[PDB]
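Asks: One structure is given below, represented as structure tokens, and several questions about it will come after.
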Amino acid sequence: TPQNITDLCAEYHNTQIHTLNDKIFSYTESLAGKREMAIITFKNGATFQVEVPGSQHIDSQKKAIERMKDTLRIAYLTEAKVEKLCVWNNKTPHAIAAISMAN
Amino acid sequence: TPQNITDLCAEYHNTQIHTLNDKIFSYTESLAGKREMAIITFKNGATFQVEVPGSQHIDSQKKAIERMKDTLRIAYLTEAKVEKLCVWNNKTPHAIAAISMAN
Amino acid sequence: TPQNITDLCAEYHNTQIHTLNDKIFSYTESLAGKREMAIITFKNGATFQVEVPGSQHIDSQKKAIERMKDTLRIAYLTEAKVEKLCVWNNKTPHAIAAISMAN
Amino acid sequence: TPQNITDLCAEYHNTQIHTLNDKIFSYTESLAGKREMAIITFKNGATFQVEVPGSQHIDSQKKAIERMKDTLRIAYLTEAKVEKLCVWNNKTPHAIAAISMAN
Amino acid sequence: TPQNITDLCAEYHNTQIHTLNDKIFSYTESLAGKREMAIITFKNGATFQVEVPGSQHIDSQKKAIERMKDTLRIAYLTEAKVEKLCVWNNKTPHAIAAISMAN
């Protein structure tokens with residue numbers, strides 16, 4: 001086991017960390033057909049999506065997506081302080097793979 | 001992959017943007033047969049519904065109506081602040097497609 | 001589609017509106033067999049129940065009952081003023097069909 | 001149907017009420033195989049468990065245990081104030097039947 | 001049945017206790033394939049993992065796994081303040097089995 005976000009992130013091909021150290025600026029949640037996604041923003045314009053679940057997503061992968069969106073929300077809403085993000089740079093916007101929180 | 005709500009909205013036919021910049025005045029919720037839904041209001045009188053799930057409801061779409069419901073509830077209690085709303089104008093009350101939260 | 005809590009209650013047969021404009025005095029919960037339920041109490045003395053699901057509920061309704069059980073708990077913990085309650089008046093305690101919370 | 005914890009407690013035969021009028025002092029939760037449960041405590045030492053969901057249970061019951069677990073964490077974190085508790089006394093510790101939180 | 005964290009941990013031999021009497025320093029959640037889990041950190045630099053739901057789990061536990069991720073998140077964001085930890089010792093990072101929270 002990886003022990004940290006950095007180490008975790010290292011284990012995937014099209015990956016990358018962002019070091020935010022700030023709370024999310026906006027949260028968007030879509031229910032719209034094929035657009036069942038959440039998008040987040042930082043005051044610097046850093047925009048990130050939580051992916052539309054696909055069949056490219058394992059079983060394990062899928063639920064734990066619903067959880068990432070539960071997390072984005074409570075963080076957004078409690079005024080967070082996001083540290084870093086692990087992300088799939090091979091998408092626009094960048095796909096959140098993992099989040100790290102620390103005050 | 002849309003990077004904001006406005007754009008997202010644009011990917012559809014009976015759609016429309018509301019820019020409120022206000023928290024929900026009221027929140028309504030129901031379990032009575034065939035009217036299993038939620039309804040939000042604002043102090044200008046603008047009312048919006050989260051629909052009762054039916055056919056034209058992808059299973060993934062379906063799970064997503066549920067999360068909307070959690071969302072308008074917590075947003076309601078946390079003294080909200082809803083920037084935008086993508087809605088199906090071909091409904092009455094207007095059908096919530098997506099929500100945008102900005103501070 | 002109902003536009004508010006009042007015309008929605010009207011859609012139903014053995015219903016009626018109480019308008020409280022007050023917070024929940026007490027909340028109660030049982031996991032006891034055949035009594036898996038919740039009970040609300042208002043300071044004036046008014047008592048209501050979130051009914052135990054049995055045949056008389058449509059599957060969809062069941063999912064709704066759990067969300068209802070969720071809203072009452074949180075409104076309670078928060079001291080969320082409860083505006084109205086649409087209530088099936090053919091049960092004792094009065095069985096809740098819908099809840100309205102206003103600012 | 002019953003409209004208070006007292007009437008409901010009494011519908012069962014290996015029961016008793018505890019009147020605490022105080023917030024939960026400690027909250028313990030476990031994923032230990034076969035010991036999937038929680039234990040609550042009060043300041044002076046009273047201990048109660050929410051059971052591992054099995055086969056003396058009725059099923060309607062199985063989800064209602066889940067929510068009891070939810071109610072006790074939230075009540076813990078938000079420093080609640082337990083009015084009452086209905087408990088199966090033929091079990092050590094005391095297995096929570098129902099819970100009462102009063103304003 | 002166990003009466004406390006100490007008791008429970010006491011039933012396994014590949015399990016060890018940690019007493020922290022501190023609130024979590026960092027919370028890390030991942031949805032990356034084969035890495036769907038969470039990581040928590042203490043300022044003493046103590047690091048813990050909630051395991052990915054593998055073959056060494058019972059279906060009861062899987063549900064509980066979910067719950068533990070819910071607890072850690074609530075505790076983190078709430079400045080929780082964890083007392084003790086009963087952990088699975090034959091792994092690194094040490095994997096959680098049960099938590100105790102007192103205040």
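Labels used: A, B, ... for chains in the order of the structure tokens, numbers from 1 for residues in each chain, and numbers from 1 for ligands as shown.
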Report as a PyMOL selection string: the residues of chain A with a DSSP assignment of helix (DSSP H, G or I), based on the backbone of this structure.
Replies: chain A and resi 5-10+59-78
Asks: How about saving the chosen residues, N, CA, C and O atoms kept, as a tab-separated table (two decimals), in the first residue's frame?
Replies:
```
chain	number	residue	atom	x	y	z
A	5	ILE	N	-0.83	10.20	-1.24
A	5	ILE	CA	-1.43	10.61	-2.50
A	5	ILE	C	-0.43	10.58	-3.63
A	5	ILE	O	-0.73	10.12	-4.76
A	6	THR	N	0.77	11.01	-3.27
A	6	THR	CA	1.93	11.13	-4.22
A	6	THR	C	2.37	9.79	-4.75
A	6	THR	O	2.47	9.50	-5.97
A	7	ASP	N	2.55	8.90	-3.80
A	7	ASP	CA	2.92	7.49	-3.99
A	7	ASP	C	1.79	6.77	-4.74
A	7	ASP	O	2.02	5.99	-5.69
A	8	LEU	N	0.56	7.08	-4.32
A	8	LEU	CA	-0.62	6.44	-4.95
A	8	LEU	C	-0.65	6.75	-6.44
A	8	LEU	O	-0.87	5.93	-7.34
A	9	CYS	N	-0.52	8.06	-6.64
A	9	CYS	CA	-0.59	8.69	-7.94
A	9	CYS	C	0.52	8.09	-8.81
A	9	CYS	O	0.22	7.67	-9.97
A	10	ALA	N	1.69	7.90	-8.17
A	10	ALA	CA	2.82	7.35	-8.96
A	10	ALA	C	2.49	6.08	-9.69
A	10	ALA	O	2.92	6.02	-10.87
A	59	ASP	N	-16.25	-2.61	-10.98
A	59	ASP	CA	-17.34	-2.51	-9.99
A	59	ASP	C	-16.94	-1.61	-8.80
A	59	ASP	O	-17.69	-0.69	-8.42
A	60	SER	N	-15.76	-1.91	-8.27
A	60	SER	CA	-15.15	-1.23	-7.10
A	60	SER	C	-15.03	0.26	-7.36
A	60	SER	O	-15.36	1.09	-6.50
A	61	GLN	N	-14.55	0.48	-8.55
A	61	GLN	CA	-14.30	1.80	-9.12
A	61	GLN	C	-15.57	2.66	-9.11
A	61	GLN	O	-15.52	3.85	-8.77
A	62	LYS	N	-16.68	2.05	-9.49
A	62	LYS	CA	-17.97	2.76	-9.65
A	62	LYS	C	-18.54	3.50	-8.40
A	62	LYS	O	-18.77	4.73	-8.46
A	63	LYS	N	-18.77	2.74	-7.29
A	63	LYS	CA	-19.40	3.25	-5.99
A	63	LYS	C	-18.52	4.30	-5.34
A	63	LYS	O	-18.97	5.38	-4.92
A	64	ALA	N	-17.29	3.93	-5.28
A	64	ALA	CA	-16.26	4.78	-4.73
A	64	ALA	C	-16.21	6.09	-5.50
A	64	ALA	O	-15.93	7.15	-4.92
A	65	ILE	N	-16.84	6.31	-6.85
A	65	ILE	CA	-17.12	7.51	-7.66
A	65	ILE	C	-18.22	8.36	-6.97
A	65	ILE	O	-18.16	9.60	-6.90
A	66	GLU	N	-19.27	7.63	-6.58
A	66	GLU	CA	-20.40	8.24	-5.86
A	66	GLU	C	-19.86	8.86	-4.58
A	66	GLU	O	-20.22	10.00	-4.21
A	67	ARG	N	-18.90	8.17	-3.99
A	67	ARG	CA	-18.28	8.66	-2.76
A	67	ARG	C	-17.42	9.91	-2.97
A	67	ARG	O	-17.41	10.81	-2.09
A	68	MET	N	-16.66	9.94	-4.05
A	68	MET	CA	-15.84	11.10	-4.35
A	68	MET	C	-16.74	12.36	-4.45
A	68	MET	O	-16.38	13.44	-3.93
A	69	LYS	N	-17.91	12.17	-5.08
A	69	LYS	CA	-18.87	13.30	-5.22
A	69	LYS	C	-19.52	13.66	-3.88
A	69	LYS	O	-19.78	14.88	-3.66
A	70	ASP	N	-19.64	12.66	-2.98
A	70	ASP	CA	-20.21	12.97	-1.64
A	70	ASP	C	-19.21	13.88	-0.89
A	70	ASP	O	-19.65	14.80	-0.13
A	71	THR	N	-17.97	13.58	-1.08
A	71	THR	CA	-16.80	14.25	-0.49
A	71	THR	C	-16.60	15.64	-1.01
A	71	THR	O	-16.36	16.57	-0.19
A	72	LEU	N	-16.64	15.80	-2.33
A	72	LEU	CA	-16.48	17.14	-2.96
A	72	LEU	C	-17.47	18.16	-2.39
A	72	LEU	O	-17.15	19.34	-2.06
A	73	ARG	N	-18.71	17.70	-2.20
A	73	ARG	CA	-19.82	18.43	-1.68
A	73	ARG	C	-19.64	18.89	-0.24
A	73	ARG	O	-19.70	20.12	0.07
A	74	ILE	N	-19.40	17.94	0.65
A	74	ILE	CA	-19.18	18.28	2.09
A	74	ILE	C	-18.00	19.20	2.27
A	74	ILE	O	-18.11	20.14	3.06
A	75	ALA	N	-16.95	19.03	1.50
A	75	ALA	CA	-15.76	19.86	1.48
A	75	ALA	C	-16.08	21.29	0.98
A	75	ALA	O	-15.68	22.28	1.59
A	76	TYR	N	-16.74	21.36	-0.14
A	76	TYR	CA	-17.20	22.57	-0.79
A	76	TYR	C	-17.97	23.35	0.30
A	76	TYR	O	-17.49	24.45	0.65
A	77	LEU	N	-19.02	22.67	0.76
A	77	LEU	CA	-19.92	23.20	1.76
A	77	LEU	C	-19.37	23.52	3.13
A	77	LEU	O	-20.02	24.39	3.80
A	78	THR	N	-18.30	22.92	3.61
A	78	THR	CA	-17.77	23.22	4.94
A	78	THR	C	-16.55	24.13	4.87
A	78	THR	O	-16.04	24.59	5.93
```
Asks: Taking only C-alpha atoms into account, find every residue of chain A that has an atom no more than 12 Å from chain B, and write it out as a ChimeraX atom specification.
Replies: /A:23-43,45-55,62-63,65-67,69-70,72-74,76-79,91-95
Asks: Restricting it to N, CA and C atoms, dump the selection as a compact mmCIF listing (two decimals), in the first residue's frame.
Replies:
```txt
# COMPACT_ATOMS: atom_id res chain seq x y z
N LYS A 23 -9.56 26.07 -0.48
CA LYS A 23 -10.92 25.43 -0.59
C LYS A 23 -11.48 25.64 -2.00
N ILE A 24 -12.29 24.65 -2.40
CA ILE A 24 -13.00 24.70 -3.72
C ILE A 24 -13.86 25.99 -3.82
N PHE A 25 -13.93 26.60 -4.96
CA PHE A 25 -14.63 27.84 -5.20
C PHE A 25 -16.08 27.70 -5.64
N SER A 26 -16.31 26.68 -6.43
CA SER A 26 -17.65 26.33 -6.93
C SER A 26 -17.69 24.79 -7.04
N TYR A 27 -18.89 24.30 -6.98
CA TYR A 27 -19.39 22.97 -7.10
C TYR A 27 -20.68 23.04 -8.01
N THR A 28 -20.63 22.20 -8.99
CA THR A 28 -21.61 21.90 -10.00
C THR A 28 -21.86 20.39 -10.00
N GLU A 29 -23.15 20.11 -9.98
CA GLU A 29 -23.70 18.74 -10.00
C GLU A 29 -24.76 18.69 -11.11
N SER A 30 -24.57 17.77 -12.03
CA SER A 30 -25.44 17.50 -13.16
C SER A 30 -26.04 16.07 -12.99
N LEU A 31 -27.30 15.98 -13.30
CA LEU A 31 -28.21 14.82 -13.28
C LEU A 31 -28.60 14.45 -14.72
N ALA A 32 -28.28 15.44 -15.61
CA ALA A 32 -28.59 15.35 -17.06
C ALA A 32 -27.90 14.17 -17.75
N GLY A 33 -28.84 13.52 -18.48
CA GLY A 33 -28.60 12.26 -19.23
C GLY A 33 -27.19 12.28 -19.83
N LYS A 34 -26.47 11.22 -19.48
CA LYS A 34 -25.09 11.07 -19.90
C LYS A 34 -24.19 12.17 -19.32
N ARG A 35 -24.69 13.03 -18.50
CA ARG A 35 -23.83 14.12 -17.97
C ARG A 35 -23.95 14.11 -16.46
N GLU A 36 -23.97 12.88 -15.96
CA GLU A 36 -24.13 12.65 -14.48
C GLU A 36 -22.76 12.70 -13.87
N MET A 37 -22.41 13.99 -13.75
CA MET A 37 -21.05 14.34 -13.26
C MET A 37 -21.12 15.50 -12.30
N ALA A 38 -20.04 15.77 -11.59
CA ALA A 38 -19.84 16.91 -10.71
C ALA A 38 -18.53 17.57 -11.36
N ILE A 39 -18.42 18.84 -11.19
CA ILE A 39 -17.33 19.68 -11.59
C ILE A 39 -17.05 20.64 -10.41
N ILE A 40 -15.76 20.82 -10.15
CA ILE A 40 -15.26 21.77 -9.16
C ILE A 40 -14.25 22.75 -9.77
N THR A 41 -14.14 23.89 -9.15
CA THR A 41 -13.38 25.08 -9.43
C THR A 41 -12.58 25.63 -8.26
N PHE A 42 -11.47 26.27 -8.60
CA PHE A 42 -10.64 26.94 -7.53
C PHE A 42 -10.63 28.40 -7.91
N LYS A 43 -10.28 29.33 -7.07
CA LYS A 43 -10.32 30.78 -7.42
C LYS A 43 -9.31 31.18 -8.47
N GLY A 45 -9.11 29.39 -11.30
CA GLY A 45 -9.59 28.77 -12.54
C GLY A 45 -9.41 27.28 -12.67
N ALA A 46 -8.76 26.57 -11.76
CA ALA A 46 -8.51 25.09 -11.81
C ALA A 46 -9.88 24.41 -11.67
N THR A 47 -10.24 23.82 -12.73
CA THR A 47 -11.52 23.15 -12.99
C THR A 47 -11.30 21.64 -13.07
N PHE A 48 -12.16 20.87 -12.35
CA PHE A 48 -11.89 19.40 -12.35
C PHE A 48 -13.22 18.68 -12.33
N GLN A 49 -13.24 17.57 -13.06
CA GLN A 49 -14.48 16.76 -13.05
C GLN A 49 -14.16 15.40 -12.33
N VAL A 50 -15.28 14.84 -11.88
CA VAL A 50 -15.44 13.51 -11.34
C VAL A 50 -16.20 12.84 -12.53
N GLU A 51 -15.62 11.82 -13.10
CA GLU A 51 -16.15 11.22 -14.29
C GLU A 51 -17.49 10.55 -14.33
N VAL A 52 -18.11 10.82 -15.58
CA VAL A 52 -19.33 10.07 -15.89
C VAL A 52 -19.02 8.57 -15.80
N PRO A 53 -19.74 7.76 -14.90
CA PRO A 53 -19.33 6.38 -14.75
C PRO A 53 -19.55 5.63 -16.04
N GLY A 54 -18.54 4.86 -16.40
CA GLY A 54 -18.56 4.05 -17.62
C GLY A 54 -18.34 2.58 -17.27
N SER A 55 -18.33 1.77 -18.31
CA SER A 55 -18.10 0.32 -18.18
C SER A 55 -16.59 0.07 -18.25
N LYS A 62 -16.68 2.05 -9.49
CA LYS A 62 -17.97 2.76 -9.65
C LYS A 62 -18.54 3.50 -8.40
N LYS A 63 -18.77 2.74 -7.29
CA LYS A 63 -19.40 3.25 -5.99
C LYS A 63 -18.52 4.30 -5.34
N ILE A 65 -16.84 6.31 -6.85
CA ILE A 65 -17.12 7.51 -7.66
C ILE A 65 -18.22 8.36 -6.97
N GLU A 66 -19.27 7.63 -6.58
CA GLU A 66 -20.40 8.24 -5.86
C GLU A 66 -19.86 8.86 -4.58
N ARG A 67 -18.90 8.17 -3.99
CA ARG A 67 -18.28 8.66 -2.76
C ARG A 67 -17.42 9.91 -2.97
N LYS A 69 -17.91 12.17 -5.08
CA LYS A 69 -18.87 13.30 -5.22
C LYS A 69 -19.52 13.66 -3.88
N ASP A 70 -19.64 12.66 -2.98
CA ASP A 70 -20.21 12.97 -1.64
C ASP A 70 -19.21 13.88 -0.89
N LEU A 72 -16.64 15.80 -2.33
CA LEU A 72 -16.48 17.14 -2.96
C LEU A 72 -17.47 18.16 -2.39
N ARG A 73 -18.71 17.70 -2.20
CA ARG A 73 -19.82 18.43 -1.68
C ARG A 73 -19.64 18.89 -0.24
N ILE A 74 -19.40 17.94 0.65
CA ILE A 74 -19.18 18.28 2.09
C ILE A 74 -18.00 19.20 2.27
N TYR A 76 -16.74 21.36 -0.14
CA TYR A 76 -17.20 22.57 -0.79
C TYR A 76 -17.97 23.35 0.30
N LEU A 77 -19.02 22.67 0.76
CA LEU A 77 -19.92 23.20 1.76
C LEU A 77 -19.37 23.52 3.13
N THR A 78 -18.30 22.92 3.61
CA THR A 78 -17.77 23.22 4.94
C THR A 78 -16.55 24.13 4.87
N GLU A 79 -16.13 24.40 3.69
CA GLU A 79 -15.03 25.27 3.33
C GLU A 79 -13.63 24.74 3.72
N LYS A 91 -7.67 13.85 -20.11
CA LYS A 91 -8.97 14.35 -20.10
C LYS A 91 -9.00 15.88 -19.82
N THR A 92 -10.02 16.52 -20.36
CA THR A 92 -10.30 17.93 -20.20
C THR A 92 -11.80 18.09 -19.91
N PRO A 93 -12.19 18.42 -18.69
CA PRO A 93 -11.23 18.67 -17.59
C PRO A 93 -10.65 17.40 -16.98
N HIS A 94 -9.53 17.63 -16.29
CA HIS A 94 -8.82 16.62 -15.54
C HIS A 94 -9.72 15.85 -14.58
N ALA A 95 -9.51 14.54 -14.64
CA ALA A 95 -10.23 13.57 -13.83
C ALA A 95 -9.57 13.38 -12.47
```
Asks: Per DSSP on the backbone, what are the strand (DSSP E) residues of chain A, as a VMD selection string?
Replies: chain A and resid 15 to 22 26 to 30 38 to 41 47 to 50 82 to 88 95 to 102
Asks: For the selection you just gave me, I'd like the residues written to a file as a compact mmCIF listing (two decimals), in the first residue's frame, keeping C-alpha atoms.
Replies:
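Below is the file that was written, again-v4.txt:
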```
# COMPACT_ATOMS: atom_id res chain seq x y z
CA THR A 15 -1.51 10.76 -13.75
CA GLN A 16 -0.59 14.01 -12.02
CA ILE A 17 -0.82 15.79 -8.68
CA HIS A 18 -2.01 19.34 -8.07
CA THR A 19 -1.04 21.15 -5.05
CA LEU A 20 -3.97 23.38 -4.15
CA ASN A 21 -3.87 24.18 -0.39
CA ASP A 22 -7.18 26.09 -0.77
CA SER A 26 -17.65 26.33 -6.93
CA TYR A 27 -19.39 22.97 -7.10
CA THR A 28 -21.61 21.90 -10.00
CA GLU A 29 -23.70 18.74 -10.00
CA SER A 30 -25.44 17.50 -13.16
CA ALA A 38 -19.84 16.91 -10.71
CA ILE A 39 -17.33 19.68 -11.59
CA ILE A 40 -15.26 21.77 -9.16
CA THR A 41 -13.38 25.08 -9.43
CA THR A 47 -11.52 23.15 -12.99
CA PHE A 48 -11.89 19.40 -12.35
CA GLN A 49 -14.48 16.76 -13.05
CA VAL A 50 -15.44 13.51 -11.34
CA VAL A 82 -7.92 20.90 -0.27
CA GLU A 83 -4.24 20.07 -0.19
CA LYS A 84 -3.69 18.11 -3.37
CA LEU A 85 -5.39 16.14 -6.14
CA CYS A 86 -4.27 13.12 -8.22
CA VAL A 87 -5.76 13.37 -11.68
CA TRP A 88 -5.88 11.87 -15.25
CA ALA A 95 -10.23 13.57 -13.83
CA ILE A 96 -9.97 13.38 -10.08
CA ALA A 97 -8.52 10.01 -9.05
CA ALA A 98 -7.81 11.00 -5.43
CA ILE A 99 -7.99 13.78 -2.91
CA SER A 100 -5.96 14.74 0.11
CA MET A 101 -7.16 16.98 2.92
CA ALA A 102 -5.09 18.62 5.69
```
Asks: Just the number, please: distance in Å from CA of residue 44 (chain D) to CA of residue 14 (chain D), one decimal.
Replies: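 Those two atoms sit 24.1 Å apart.
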